[PDB]
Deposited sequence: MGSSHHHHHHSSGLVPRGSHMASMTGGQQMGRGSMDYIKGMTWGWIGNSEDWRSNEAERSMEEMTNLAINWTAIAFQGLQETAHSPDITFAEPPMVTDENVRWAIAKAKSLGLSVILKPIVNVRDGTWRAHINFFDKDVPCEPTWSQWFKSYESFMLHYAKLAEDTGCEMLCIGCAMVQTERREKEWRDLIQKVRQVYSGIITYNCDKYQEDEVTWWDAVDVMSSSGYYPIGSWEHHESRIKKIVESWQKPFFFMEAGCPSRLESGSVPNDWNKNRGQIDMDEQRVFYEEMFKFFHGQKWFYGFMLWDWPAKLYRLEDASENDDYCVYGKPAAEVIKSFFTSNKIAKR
């Protein structure tokens, strides 16, 4: 079958991940451009051996059951096959990461339905059927393209209690995708997912504030040892902005207030505490755009991207080191 501990069953293959996320938010026009090719090649200078190909699907509100995918302006199946094959042509292993977003701008962590089925209301059953169609479409693409890993969700906090529905979705994914399955829980939620045993690898969003990494290493170590599964960060990063290090997840904080040093300090601290531990399997960083800004414009860029910034040198020297 599939249940296992520290190492996924041989038929699904644990590598130490040196990764960068590519392509977010997933815009067909961006991925089809010439610039996308230059972007992905430049990303390889971080001395990564993995990339997460990340893109969005959409639902209207946090409480609507229908998810749309692979329609304008979202990525086409051809754009996705292109990105996977290009990555593999550059020597990278691939995590496919389909992520549902909400058109009204609500954070997907609030997607939620009543516990009680009510006749005139949307139900969990209707949303999970729609989510299953979305994730099974990309699980089949992941299989066809040889993606080493599939991430079956990202910080879906207010769905995680629906344990039978998550287990049922995973059983369907297993029937069409034979590689490694992970789920990406949100920051602070590593001990709150009751169904970690149903995936191959645990992962979370490492957006822990400056000054907290030593505490989180100790907290996470105990959680991972209690589950006896491999663990890595499926996202970790910080914008190059004033005070972003105190809330590295907050992509809306202090827009246009540039601070290259804040991003650098975040990375130095994260790598000081998370490195070679036998129970830890590395970093999928956040993030790198399909259309990359000019090196000359990097000192004025307020994004998560490390291209042209001091943090890039911290990452490169960590990923090419003997830790």
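In this entry, the deposited residues absent from the coordinate set span 1-8, 22-34, 345-348.
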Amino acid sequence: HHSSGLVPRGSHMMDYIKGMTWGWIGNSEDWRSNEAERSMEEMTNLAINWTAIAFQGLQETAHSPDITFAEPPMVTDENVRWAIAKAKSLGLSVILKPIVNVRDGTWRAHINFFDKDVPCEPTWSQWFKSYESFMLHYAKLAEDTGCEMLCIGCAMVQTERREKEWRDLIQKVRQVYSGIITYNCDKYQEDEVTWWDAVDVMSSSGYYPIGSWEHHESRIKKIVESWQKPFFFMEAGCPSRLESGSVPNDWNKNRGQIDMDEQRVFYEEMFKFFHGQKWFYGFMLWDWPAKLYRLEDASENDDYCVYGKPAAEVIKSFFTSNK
From here on, numbers count along this sequence of modelled residues.
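Higher mean CA B-factor, judged across 194-202 and 243-251 from the recorded values: 243-251. Here the stretch with the larger average CA B-factor, out of 113-121 and 148-156, is 113-121. The residue among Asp186, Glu235, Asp104, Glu217 whose C-alpha carries the highest B-factor in the deposited model is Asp104.
Ranked within its chain, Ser130 lands in the middle third, by CA B factor from the PDB record.
Ranked within its chain, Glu269 lands in the middle third, by CA B factor from the PDB record. Per the deposited record, the Cα B-factor of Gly276 falls in the highest third when ranked against the other modelled residues of its chain. Among all modelled residues in its chain, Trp286 ranks in the lowest third by Cα B-factor. Sorting the modelled residues of the chain by their CA temperature factor places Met20 in the lowest third.
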